[PDB]
Amino acid sequence: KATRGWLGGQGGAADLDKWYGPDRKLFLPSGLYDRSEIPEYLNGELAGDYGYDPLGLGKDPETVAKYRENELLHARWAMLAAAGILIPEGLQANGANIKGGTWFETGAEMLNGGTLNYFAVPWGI
Amino acid sequence: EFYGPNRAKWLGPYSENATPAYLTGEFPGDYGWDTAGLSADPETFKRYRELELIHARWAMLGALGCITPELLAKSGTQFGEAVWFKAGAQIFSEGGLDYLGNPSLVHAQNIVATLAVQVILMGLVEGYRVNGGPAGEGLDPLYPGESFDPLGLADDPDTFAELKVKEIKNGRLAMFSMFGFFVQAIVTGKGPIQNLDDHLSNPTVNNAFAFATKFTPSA
Amino acid sequence: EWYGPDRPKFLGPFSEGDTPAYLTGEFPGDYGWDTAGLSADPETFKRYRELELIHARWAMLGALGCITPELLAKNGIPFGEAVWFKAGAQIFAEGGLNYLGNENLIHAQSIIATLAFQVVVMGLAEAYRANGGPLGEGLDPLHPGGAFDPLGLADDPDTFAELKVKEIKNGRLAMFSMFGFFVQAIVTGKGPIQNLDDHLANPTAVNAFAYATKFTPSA
Amino acid sequence: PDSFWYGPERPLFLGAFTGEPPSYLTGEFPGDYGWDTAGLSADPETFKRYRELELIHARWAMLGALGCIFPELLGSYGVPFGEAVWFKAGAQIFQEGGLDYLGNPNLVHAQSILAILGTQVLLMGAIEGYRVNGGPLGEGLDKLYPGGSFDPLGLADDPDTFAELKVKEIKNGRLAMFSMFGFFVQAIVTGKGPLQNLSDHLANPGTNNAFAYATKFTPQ
Amino acid sequence: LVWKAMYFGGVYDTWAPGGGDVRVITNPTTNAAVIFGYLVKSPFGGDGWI
Amino acid sequence: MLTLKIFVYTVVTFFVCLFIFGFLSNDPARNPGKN
Amino acid sequence: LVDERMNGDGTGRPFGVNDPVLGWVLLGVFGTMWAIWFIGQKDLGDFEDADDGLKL
Ligand code: CHL
Ligand code: CHL
Ligand SMILES: CCCCCCCCCCCCCCCCCC(=O)OC[C@H](CO[C@@H]1O[C@H](CO[C@H]2O[C@H](CO)[C@H](O)[C@H](O)[C@H]2O)[C@H](O)[C@H](O)[C@H]1O)OC(=O)CCCCCCCCCCCCCCCCC
Ligand code: CLA
Ligand code: CLA
Ligand code: CLA
Ligand SMILES: CC1=C[C@H](O)CC(C)(C)[C@H]1/C=C/C(C)=C/C=C/C(C)=C/C=C/C=C(C)/C=C/C=C(C)/C=C/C1=C(C)C[C@H](O)CC1(C)C
Numbered sequence: 021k022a023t024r025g026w027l028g029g030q031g032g033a034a035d036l037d038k039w040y041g042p043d044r045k046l047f048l049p050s051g052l053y054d055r056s057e058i059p060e061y062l063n064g065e066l067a068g069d070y071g072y073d074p075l076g077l078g079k080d081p082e083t084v085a086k087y088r089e090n091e092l093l094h095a096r097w098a099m100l101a102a103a104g105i106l107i108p109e110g111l112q113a114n115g116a117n118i119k120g121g122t123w124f125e126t127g128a129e130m131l132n133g134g135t136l137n138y139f140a141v142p143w144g145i
Numbered sequence: 026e027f028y029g030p031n032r033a034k035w036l037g038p039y040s041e042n043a044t045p046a047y048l049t050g051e052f053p054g055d056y057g058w059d060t061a062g063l064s065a066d067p068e069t070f071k072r073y074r075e076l077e078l079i080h081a082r083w084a085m086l087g088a089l090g091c092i093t094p095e096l097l098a099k100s101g102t103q104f105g106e107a108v109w110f111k112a113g114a115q116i117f118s119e120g121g122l123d124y125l126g127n128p129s130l131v132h133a134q135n136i137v138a139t140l141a142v143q144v145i146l147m148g149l150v151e152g153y154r155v156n157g158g159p160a161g162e163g164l165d166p167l168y169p170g171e172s173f174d175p176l177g178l179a180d181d182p183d184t185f186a187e188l189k190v191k192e193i194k195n196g197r198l199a200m201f202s203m204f205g206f207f208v209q210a211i212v213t214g215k216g217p218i219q220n221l222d223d224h225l226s227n228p229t230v231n232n233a234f235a236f237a238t239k240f241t242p243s244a
Numbered sequence: 012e013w014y015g016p017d018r019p020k021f022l023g024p025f026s027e028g029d030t031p032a033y034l035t036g037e038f039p040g041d042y043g044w045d046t047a048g049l050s051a052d053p054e055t056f057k058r059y060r061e062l063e064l065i066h067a068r069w070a071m072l073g074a075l076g077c078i079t080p081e082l083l084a085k086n087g088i089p090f091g092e093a094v095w096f097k098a099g100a101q102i103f104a105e106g107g108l109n110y111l112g113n114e115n116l117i118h119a120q121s122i123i124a125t126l127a128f129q130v131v132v133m134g135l136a137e138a139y140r141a142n143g144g145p146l147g148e149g150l151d152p153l154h155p156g157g158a159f160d161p162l163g164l165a166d167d168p169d170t171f172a173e174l175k176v177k178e179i180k181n182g183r184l185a186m187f188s189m190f191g192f193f194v195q196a197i198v199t200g201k202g203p204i205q206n207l208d209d210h211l212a213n214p215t216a217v218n219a220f221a222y223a224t225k226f227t228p229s230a
Numbered sequence: 002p003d004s005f006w007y008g009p010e011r012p013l014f015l016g017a018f019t020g021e022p023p024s025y026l027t028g029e030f031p032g033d034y035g036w037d038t039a040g041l042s043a044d045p046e047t048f049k050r051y052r053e054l055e056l057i058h059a060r061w062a063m064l065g066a067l068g069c070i071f072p073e074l075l076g077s078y079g080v081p082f083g084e085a086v087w088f089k090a091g092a093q094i095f096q097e098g099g100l101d102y103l104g105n106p107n108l109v110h111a112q113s114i115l116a117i118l119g120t121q122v123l124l125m126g127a128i129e130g131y132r133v134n135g136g137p138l139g140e141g142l143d144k145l146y147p148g149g150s151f152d153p154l155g156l157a158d159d160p161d162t163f164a165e166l167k168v169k170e171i172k173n174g175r176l177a178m179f180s181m182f183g184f185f186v187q188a189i190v191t192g193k194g195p196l197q198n199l200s201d202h203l204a205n206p207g208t209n210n211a212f213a214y215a216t217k218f219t220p221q
Numbered sequence: 195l196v197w198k199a200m201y202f203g204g205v206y207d208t209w210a211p212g213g214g215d216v217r218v219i220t221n222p223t224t225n226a227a228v229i230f231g232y233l234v235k236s237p238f239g240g241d242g243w244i
Numbered sequence: 003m004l005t006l007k008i009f010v011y012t013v014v015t016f017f018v019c020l021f022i023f024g025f026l027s028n029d030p031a032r033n034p035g036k037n
Numbered sequence: 024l025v026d027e028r029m030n031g032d033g034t035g036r037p038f039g040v041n042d043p044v045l046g047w048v049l050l051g052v053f054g055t056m057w058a059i060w061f062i063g064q065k066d067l068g069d070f071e072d073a074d075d076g077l078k079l
């Protein structure tokens, strides 16, 4: 798997020291958050670790992983949900007869004997 | 067959002495047809092979994209303009360009922006093809495989060669058909499907010879 | 004279200063005119020579076939259409295309039948020429001789070479004249004999320059 | 040589995406961007002939672009030419007053096209015969860069400056040939002079562009 | 500023019919000659530059 | 009267061009100091 | 009209030119001076290196 950059030049992961290791980015800048106060269990191992844990909900690495499972599952579900909330409304407001419209009204559209129209973006409805 | 010395040729049986020496049936679709001797130099031969393959793929796409909208319009979909050589002018319509006629899809109204976006994206992808990019760097210039062969339909060498020959033959047919499209559009003035329907209506009178005197130089 | 290093060239006194090195002068009609460098490779040179000779013979036949009907019509032969570039429409006439006017000769009516017959016949003939068939096999590609030289007019090698030079020169003249026919028909719209008669009538006034603003862009 | 425009480190026609140029395009000639995708210069003899053709075309097209632009500009400013537009200037000889240089009846005042054609044929035949085979203005000189009597000001004595000027000449010539192709296409399509097209584009760039004529050659 | 004058409300045009009022500039003068005539105009009386 | 305008324009343009191209001629290195 | 005048005081013509000869003179003088400077540029020393010129 030998690749090149999108805009030419060498291709790869660029620099990964910004998100991993003792040197990394944090939820507060350097002048307001010294590296000494970072909790001991918040080391540069998990992805997207900004050393952010007020109130100390996490206690130690295995609980951190247990909560990481929930965080990742919630994140993926929320990505799908944001896409499915934004796209159909914009499609309906621009001319398509989605018949569901806004997300908080789609549920009641299928009450009684009512059905729902499904738009196959590229292809028909 | 289709490879080696005892392969199909461009003149059928009367082709033993017609094939040039440098065409030895090593590359797909090698019927030994170089009567003009334009690829005696092997480097020029390789460049022409690459040009032929790229032209064939683009012609396949063009033929399919010319056929599809006209048939869909015949099925009963309002395109605004279904004929292939008139489908570019609808960008200037008051309603813009709508994919499949649906007003909520694409709905493009500015031509300069579309041209600029096409220029940037196509330049990037063609540069990726020439030198390599996100998909890969050290692959065959014509058959990269890897990321461009997800289903893995080309893994056993004889099957790969047969598929390559099928590709080149379908591509040559597509190039011939697209040249026909161009000439028919210039001469007849109606869409290719309309031309086929007219020929089927009355073949004996609805042919090319009905337009023979169109370009008479009388003046 | 002709073959040899001290041969006539295409630029007269200005040619011996710079001539291609690969044009030694062992072939007929070698005037050393390869300014574009398209025949550096000997195989491509051979293919180009073959193409040139075939065009030469076809253009000789074409020049005779263009001139003869118009002159005969001027002498008073009732032709359907004397001008060569309108002679193809005679097949669409109500009376059909008749040789020398008389309706008892040929009296062709259908263009499809004659086109199909020509396709089959010329396909067989050109396949035999390309590969070799009943009229000799393995002979000289350009000058088979034998059954194609019934009169034996080129048995003496020096006379044969001189006749080859005459052939290629007459052929180059014929091709130049046929290009002139095409351009004059495109521009003037009248037959070549009519063009000659008009030029002879008023040589200074009527000429090519008279139709100089013919293709000026509109708008 | 050792310069930015020569050697394996020369700039190439696809930027970083060009990859490796063809082997025969080693980069020892002016304006070598390694663009021979068609592979028409595999044979070195053909490469040399194509180089000669490119240089002659470049010089002729530079002259042609300048001679197409200048008279129309002068006519727009007020000079009374017979026909200022470049693709109409040839028809001035058919006018009753004949061709008049700069619009003056005492400048040239040509009347017959045949004499012009004959004298041009003779002079240009002699010129090109001298170019191919050495004549009075030098005999044993380079075909493309004779120098000598054709470089009176001595701008090509320094080999480094000579190479730099060769690159500049070839680049300006390629630009001129591109612009002359543009001249031809714009004359065929729009039907107005290049300066008229530029003025129209400047008046309303949003609408006065090429796409306005896009639906001009559609078949019916 | 251009968006404010063109889409979000308008600007106070004092040359409007009657007394001036807020108006939307639907057709700004984008012509190059008109725009750049001001810069090269003389600064003396009658012309006044920009 | 327009000839006077042409002459004045020529003189002014010549002097202004002299001024402009004078300061582009490596002026900052015209000092007598050591650097 | 008693006499003839240029009539361009308040017209605000670009660069104060109302005849193309004035613009031609402007461009010609500027081009001549620029050409002389370009020819003489070789004696001013080339700043080809990235870090050159008077600085502190
Ligand atoms: C045995 C008989 C046989 C003959 C005669 C040919 C001959 C030909 N094959 Mg072949 N084949 C034959 C058997 C076989 N071929 C093939 C496989 C192939 C392939 C894959 C291909 C060919 C192609 C060709 C063509 C190549 C030369 C050409 O392009 O013609 C050009 C010249 C003509 C067609 C003659 C001109 C036509 C007409 C008489 C003139 C028309 C006049 C117009 C009215 C002009 C008016 C216009 C004016 C305004 C200027 C040629 C028609 C190639 C091809 O079809 O390209 C087009 C090609 O790709 N053959 C197989 C399978 C093994 C065969 C089996 O026997
Ligand atoms: C010594 C003088 C002499 C000169 C100048 C020439 C020159 C020529 N000879 Mg040569 N010959 C000469 C002596 C001899 N020739 C020959 C034997 C031959 C042969 C057998 C042949 C030639 C040919 C040629 C032509 C090569 C084509 C070319 O270079 O295109 C450059 C020339 C032009 C482009 C002419 C341009 C004419 C005009 C100035 C331009 C036209 C302007 C239009 C109005 C433009 C309008 C634009 C339109 C299209 C929109 C060229 C005219 C070949 C030929 O005839 O090809 C045509 C050829 O086959 N010569 C012999 C016998 C030993 C000679 C004896 O001295
Ligand atoms: C006053 C306001 C007026 C109104 C507003 C007008 C706005 C105009 C904006 C565009 C122009 C701005 C120019 C500002 C001045 C700075 C020019 C400059 O620093 O320029 C410095 C650079 C230096 O160039 C470098 O110079 C180097 C040194 O060369 C020397 O050495 C070389 C070998 O090393 C060669 O031997 C060469 O021959 C030799 O001269 C090299 O050559 C480099 O390759 C080369 O890039 O020049 C260059 O940028 C290239 C030239 C730039 C454009 C110049 C246009 C001039 C006018 C053209 C039309 C004239 C028409 C005349 C007609 C007459 C008849 C009627
Ligand atoms: C010219 C303005 C400017 C510049 C160049 C910098 C540059 C820097 N600051 Mg300083 N800072 C600024 C303004 C500026 N700051 C202001 C206004 C505040 C008050 C909120 C601070 C408060 C601040 C702190 C407390 C710290 C820094 C730190 C830093 C350094 C790294 C972190 C960083 O980029 O800031 C991060 C700043 C932010 C994330 C603020 C949010 C900025 C977003 C992008 C909003 C941008 C708004 C928009 C682009 C402009 C609005 C225009 C108009 C409304 C005014 C860096 C040298 C850190 C440092 O050096 O540590 C030793 C550090 O600890 N800055
Ligand atoms: C390189 C070939 C090529 C080119 C240049 C064009 C160019 C064009 N096409 Mg054609 N087309 C092609 C191939 C091509 N097409 C093929 C192969 C098909 C068959 C699927 C079609 C089917 C087609 C239809 C049905 C329509 C067009 C339309 C258009 C015009 C609008 C372009 C646009 O907005 O698309 C960009 C659109 C999007 C980015 C929106 C998403 C659409 C996605 C990309 C479609 C992807 C299809 C998929 C990959 C292949 C089919 C899958 C199937 C087997 C399940 C434009 C003139 C439209 C038009 O103007 O009508 C005349 C129109 O209605 N084309
Ligand atoms: C299609 C016809 C044809 C072909 C294949 C050739 C081929 C050849 N000729 Mg012949 N020739 C022709 C026509 C042709 N010529 C005509 C019409 C004339 C008279 C003007 C001549 C006069 C001539 C002389 C005097 C000599 C040759 C020579 C050669 C050989 C080297 C030149 C070369 O590379 O040509 C390659 C040719 C092509 C690749 C054809 C491309 C044609 C393109 C499409 C341009 C055609 C249109 C063009 C604008 C017409 C301009 C002139 C017009 C006014 C007629 C080569 C075998 C030389 C040689 O070595 O003899 C053996 C030689 O001394 N030829
Ligand atoms: C590189 C490459 C590579 C790959 O591989 C392949 C390929 C692609 C093929 C290639 C490419 C190529 C190209 C692009 C080409 C082009 C060319 C041109 C355009 C030329 C022109 C060219 C052009 C030219 C010469 C021009 C010229 C002109 C002239 C003379 C003019 C004249 C004139 C004038 C003054 C004016 C007046 O009133 C008139 C007259 C008299 C008319």
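Chain order of the listed sequences is A, B, C, D, E, F and G.
Counted the way the working numbering counts, the first sequence spans residues 21 to 145.
Counted the way the working numbering counts, the second sequence spans residues 26 to 244.
Counted the way the working numbering counts, the third sequence spans residues 12 to 230.
Counted the way the working numbering counts, the fourth sequence spans residues 2 to 221.
Counted the way the working numbering counts, the fifth sequence spans residues 195 to 244.
Counted the way the working numbering counts, the sixth sequence spans residues 3 to 37.
Counted the way the working numbering counts, the seventh sequence spans residues 24 to 79.
All C-beta atoms, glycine included, are put in the ideal place defined by N, C-alpha and C.
### Query
Does the beta carbon of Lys235 (chain E) sit closer than 8 Å to a beta carbon anywhere in chain G?
Stepping through the fifth sequence from its first residue, residue 235 (chain E) is reached at position 41. By this cut-off, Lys235 (chain E) is an interface position.
### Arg82 (chain B) versus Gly54 (chain B): straight-line alpha-carbon distance, rounded
As a working mapping, residue 82 (chain B) is identified with position 57 in the second sequence. As a working mapping, residue 54 (chain B) is identified with position 29 in the second sequence. Spanning the two alpha carbons is a distance of roughly 14 Å.
### Query
Quick one: which chain E residues come within Cβ less than 7 Å of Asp32 (chain G)?
Residue numbering aside, residue 32 (chain G) sits at position 9 when the seventh sequence is read from its first letter. Result: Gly240.
### Query
Heavy atom of ligand 6 less than 7 Å from the Cβ of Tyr14 (chain C), yes or no?
For the purposes of this step, residue 14 (chain C) is identified with residue 3 of the third sequence, where counting begins at 1. No, Cβ of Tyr14 (chain C) sits at least 7 Å from all heavy atoms of ligand 6.
### Query
Thinking C-alpha only, which one of C:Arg68, C:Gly43, C:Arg183, C:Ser121 is nearest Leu153 (chain C)?
Indexing the third sequence from 1 puts residue 153 (chain C) at position 142. The shortest Cα separation from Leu153 (chain C) among C:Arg68, C:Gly43, C:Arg183, C:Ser121 belongs to C:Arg68.
### Query
Taking 7 Å as the cut-off, is the CB of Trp69 (chain C) close to at least one heavy atom of ligand 6?
Sequence index remark: in the third sequence, residue 69 (chain C) carries index 58 (1-based). No.
### Query
What are the boundary residues of the alpha helix (DSSP H) that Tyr153 (chain B) is part of?
Residue numbering aside, residue 153 (chain B) sits at position 128 when the second sequence is read from its first letter. 136-156 is the span of the alpha helix (DSSP H), which, as asked, contains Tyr153 (chain B).
### Where the alpha helix (DSSP H) containing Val44 (chain G) begins and where it ends
Counted from its first residue, the seventh sequence places residue 44 (chain G) at position 21. Unbroken alpha helix (DSSP H) run through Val44 (chain G): 43-63.
### Message
Does chain F have any CB closer than 8 Å to the CB of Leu24 (chain G)?
### Response
The sequence position of residue 24 (chain G) within the seventh sequence is 1, counting from 1. Output row for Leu24 (chain G): interface = no.
### Query
Buried or exposed: which applies to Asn105 (chain D), given that a residue is buried once 16 or more other Cβ atoms fall within 10 Å of its Cβ?
Looking up residue 105 (chain D) in the fourth sequence gives position 104. Under this definition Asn105 (chain D) is an exposed residue.
### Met71 (chain C) versus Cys77 (chain C) - alpha carbon distance
Looking up residue 71 (chain C) in the third sequence gives position 60. Looking up residue 77 (chain C) in the third sequence gives position 66. Those two C-alpha atoms are separated by around 10 Å.
### Query
Less than 8 Å separating the beta-carbons of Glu73 (chain D) and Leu154 (chain D)?
Sequence index remark: in the fourth sequence, residue 73 (chain D) carries index 72 (1-based). Sequence index remark: in the fourth sequence, residue 154 (chain D) carries index 153 (1-based). For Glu73 (chain D) and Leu154 (chain D), no; Cβs fall outside 8 Å.
### Message
Strictly below 8 Å CB to CB, what residues from chain D border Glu27 (chain C)?
### Response
Against the third sequence, residue 27 (chain C) aligns to sequence position 16. Correct list: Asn134.
### Task
Counting only runs of 3+ residues fully inside the region 155-227 of chain C, write out the beta strand (DSSP E) ranges in chain order.
none
### Message
I'd like the ranges of any alpha helix (DSSP H) spanning at least 4 consecutive residues and lying wholly in the region 58-132 of chain C.
### Response
none
### Task
Go ahead and label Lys175 (chain C) buried or exposed: buried means 16 or more other beta carbons lie within 10 angstroms of its beta carbon, across all protein chains shown.
On the third sequence, residue 175 (chain C) is found 164 positions in, with the first residue counted as 1. The residue is buried, with at least 16 neighbouring Cβ atoms inside 10 Å.
### Task
Can you tell me which of the three DSSP states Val25 (chain G) falls into?
Here residue 25 (chain G) refers to the residue found at position 2 when the seventh sequence is read from its first residue. DSSP places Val25 (chain G) in coil when its eight states are reduced to three.
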